[PDB]
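K.L.:
Requesting a structural model of the entry that follows:
(one chain, ligands or ions: 1)
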Amino acid sequence: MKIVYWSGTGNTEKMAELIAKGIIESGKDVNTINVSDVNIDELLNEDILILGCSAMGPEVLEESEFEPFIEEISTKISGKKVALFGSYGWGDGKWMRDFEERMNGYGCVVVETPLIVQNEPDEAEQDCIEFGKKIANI
Ligand SMILES: Cc1cc2nc3c(=O)[nH]c(=O)nc-3n(C[C@H](O)[C@H](O)[C@H](O)COP(=O)(O)O)c2cc1C
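P.N.:
Numbering: from 1, shown residues only. Here you go, the structure:
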């Protein structure tokens, strides 16, 4: 499987590692890829797209790298299963509510409730591992 993410300080990156750990513990292989190193064509062969990005301002996906990536794959992901996650700071998840609506609007099937964690996981580490386990059971 593959996990694609963008992280500015490392909070979403840590979540990605924990989600990967959950998938691996379930017995499956998985690679974590930063959005800047992703190959669109290879990513589209995946049964499930696991995408993460922290909340940028004002309550939007990161603009220079992550959003253009979403825009690029938007026309080629209809019918695909997707799992979404990300870290946020002072808001209450608006950027994620919008991200979920958007992916659904492109025809994707959001397989699980998006996982959002405030700042660094730390206290929520097991929740990240558990999210990976749920995805591995799909
Ligand atoms: C320029 C900027 C804008 C931000 N805008 C928001 C926002 O609108 N809502 C929010 O909850 N957090 C916002 N944050 C906080 C980040 O989402 C938060 O620090 C998160 O933990 C970053 O995770 P990362 O290291 O993966 O990027 C913003 C952070 C930055 C640097």
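
K.L.:
going forward, measure contacts between C-alpha atoms and count neighbours the same way
P.N.:
Noted.

K.L.:
Enumerate the residues of the chain near the ligand.
P.N.:
Contact residues (C-alpha under 6 Å from any ligand atom) of the chain with the ligand: 7-13, 54-59, 87-91, 119.

K.L.:
Show me the helices in the chain, by range?
P.N.:
For the chain, applying DSSP state H gives helices covering 11-25, 40-43, 66-73, 94-105, 125-136.

K.L.:
can you put these in TSV and add mean neighbour count?
P.N.:
Formatted as TSV, the helices of the chain follow (neighbours: other C-alpha atoms under 10 Å):
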stretch	mean neighbour count
helix 11-25	23
helix 40-43	12
helix 66-73	15
helix 94-105	17
helix 125-136	20
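
K.L.:
Turn these into TSV, columns for distance to residue 2.
P.N.:
As requested, the helices of the chain are exported to TSV (distance: least, C-alpha to C-alpha, whole Å):
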stretch	distance to residue 2
helix 11-25	9
helix 40-43	7
helix 66-73	15
helix 94-105	17
helix 125-136	11
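
K.L.:
I'd like to know which of the ones you listed lies nearest to residue 79.
P.N.:
Go through the helices of the chain one by one with C-alpha to C-alpha and the one that ends up closest to residue 79 is helix 94-105, at 9.5 Å.

K.L.:
tell me which strands and helices the closest one is in contact with?
P.N.:
strand 81-88, strand 109-110 (3 or more C-alpha pairs under 8 Å, 6 or more residues apart in numbering; DSSP states H and E).
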